[PDB]
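Take a look at this single chain, the form deposited in one PDB entry, given in structure tokens.
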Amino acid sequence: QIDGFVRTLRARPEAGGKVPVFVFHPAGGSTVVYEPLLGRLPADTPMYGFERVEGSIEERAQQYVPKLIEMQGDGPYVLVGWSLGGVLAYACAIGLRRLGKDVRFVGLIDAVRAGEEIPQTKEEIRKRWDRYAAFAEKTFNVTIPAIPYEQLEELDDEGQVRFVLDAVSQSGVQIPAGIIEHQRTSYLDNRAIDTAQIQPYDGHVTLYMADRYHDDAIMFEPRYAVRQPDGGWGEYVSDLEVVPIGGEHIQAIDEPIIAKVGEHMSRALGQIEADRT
């Protein structure tokens, strides 16, 4: 059921059968979140979930792609993810196509890029932590002292959030490790998107688009308040389909909105199975 970073949501038959759907975890979550989607897909569709690994987006895909090939060979590949999971799916599509594999569906469940690019600069690191501190002051009724910008700006995102958490750890009650680890890894996983080197993809991508990001996403990064019509994928994907699903980002993975996603995705899978036969 769990084998390394691969979760079996529905096992494929011993031989033959329908093409598996490979799903990729969202930041701060596991691939159990795809069970409602699975319920809306055709009967006997296999599904395997890829859980968290370390590195840049590209380095994560360098770990996932060999495992995909061990499981599915030349293809066909169906790759799906919500949020960070969609960026991971896309990176895997890129890696598989480089190896000449047959990728037939890439489904991004509201994996919508920030509407304005996030600068990778010292000034932006200063502005970012200034904003976070302001929100902390209000939320926790404290004043925040001078921020050590020089220390933060030479660290990558993981180093930054680790630095801040370690400063918090110096005083007060000890915070349970599970909470610290969840917050650290969620933060870094979401930030990994910002430094991704997105490559052009020559196949069809389906972007299931919600109406907006939820408030917590925009508190994390204000540039998520703006969405472009192509969700930031049009420059990389000539064969791009957008499927509006309404609601907020955080709702896209759940009933009832996931029924819209599943109805559309079922038709796409149906066509892939028909073409095989």
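Here the rigid core means the biggest group of C-alpha atoms that line up within 1.5 Å when the two forms are laid on top of each other. Each residue number is its position in the shown sequence, starting from 1.
Q: Core-superposed in 5 other deposited structures of this protein, which stretch deviates more in Cα positions, 98-106 or 130-138?
A: Looking at 98-106 versus 130-138 in 5 other deposited structures of this protein, the farther one turns out to be 130-138.
Q: So which moves more in 5 other deposited structures of this protein by CA, 222-230 or 41-49, given a superposition on the core?
A: More C-alpha displacement in 5 other deposited structures of this protein shows up in 222-230.
Q: Answer yes if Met71 is missing coordinates in at least a third of the other compared entries, and no if every one of them models it.
A: Comparison shows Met71 kept in all of the other entries.
Q: Compared with other deposited entries of this protein, is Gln174 missing coordinates in at least a third of those that cover its neighbours?
A: Other entries vs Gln174: at least a third skip it.
Q: Pick between 11-19 and 251-259: the one whose mean CA B-factor in the entry is higher.
A: Stretch with the higher mean C-alpha B-factor: 11-19.
Q: Regarding 238-246 and 32-40, which shows the higher C-alpha temperature factor on average in the entry?
A: Mean C-alpha B-factor is greater for 238-246.
Q: From the list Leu108, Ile118, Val161, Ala93, select the residue with the highest C-alpha B factor recorded in the entry.
A: In the PDB entry, the greatest C-alpha B-factor among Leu108, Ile118, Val161, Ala93 is found at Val161.
Q: Highest CA temperature factor in the entry: which of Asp166, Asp130, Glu123, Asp102?
A: Of the candidates given, the C-alpha B-factor peaks at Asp166.
Q: Lowest, middle or highest third of the chain for the C-alpha temperature factor of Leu68?
A: Answer is middle: the recorded C-alpha B-factor places it there.
Q: Should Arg113 be placed in the lowest, middle or highest third of its chain by the C-alpha B factor in the entry?
A: Tercile = lowest for this residue's CA B-factor.
Q: Among the chain's modelled residues, which third holds the C-alpha B-factor of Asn190?
A: As the PDB entry reports it, the C-alpha B-factor of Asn190 lands in the middle third of its chain.
Q: If you rank the chain by CA B-factor, which third does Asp230 end up in: lowest, middle or highest?
A: Within its chain, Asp230 is a middle-third residue by C-alpha B-factor, going by the deposited values.
Q: By its CA B factor, does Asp216 count among the lowest, middle or highest third of the modelled residues in the chain?
A: Tercile = highest for this residue's CA B-factor.
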